[PDB]
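The form deposited in one PDB entry is given below as one chain in structure tokens.
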């Protein structure tokens, strides 16, 4: 179509399970283009569908531009064009850098604001359904030039129909990254007919992302090396069974160092992590509550 024909692909930046991401140039601006082959149409259409949700746009959700198709004369490519963020993922960003207390708050608060907006239902003519991500992880969050985050990779999301309490794709199977799966997802006790259960599972994964950020907070030169949650307990690419034995059976969570109690910002962050990590989903903090807590901390710090 008219958009893909005017875009020049410059570099393949990533190869995921669904599609390949490229840095492209559109009307002289950098854009990110996710390309799927003809046989991945279901995945491409679903992601285009979630990104076109009414009232979805928010400073902390990846800016979607357009879905399109491009025929090179041999095969057709299915495109999803979005805003380009040079830092890339929060995973890449935390591996490369350490952050200040201010930097940590900015990353955590923006992640929570994006999640609170996904989770929020807006009632009306131009109403927005509540949305649950189902695959929140530091590799699915991007860092913007201003040091704030935006949630990306919404292709596995589910949308709620509030009047009937029904989910748009009626999920009957476990999806997402095994390492970040909530205890109720790992042991398959989650009620997949209960939308609030998917919001609660996202909060647990956001808790693990906050732990990743806090390790990289550098105070008086003190900080931890980058690690994925459960790095000390499971192998790389862990199985459901491996995760379940740790999270559900032994009931372990990532370690919270006592030295996070000697700094106010880290203390608040530690308290949030613990309250995201309860085995009972109903006891977890909401994304709005986390946003309110970190907004108060940001104000106190003068960011």
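Numbering follows the first chain given and starts at 1. So that the term is clear: the rigid core is the largest set of C-alpha atoms that superpose within 1.5 Å between two forms.
Keep in mind that the form deposited in another entry is missing from the display, and what follows is about it.
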item	value
Conformational change between this form and the one not shown, one of 69, 261, 255, 239, C-alpha moving 2 Å or more after core fit	69
Large Cα move at residue 126 between this form and the one not shown, threshold 2 Å, rigid core	yes
Yes/no, residue 24 Cα shift of 2 Å or more between this form and the one not shown with rigid core fixed	no
Rigid core superposed: residue 145 CA moves 2 Å or more between this form and the one not shown	no
Residue pair residue 170, residue 156 - Cα distance in the other form, closer or farther (3 Å or more)	closer
Sense of CA distance change between residue 173 and residue 244 in the other form, threshold 3 Å	farther
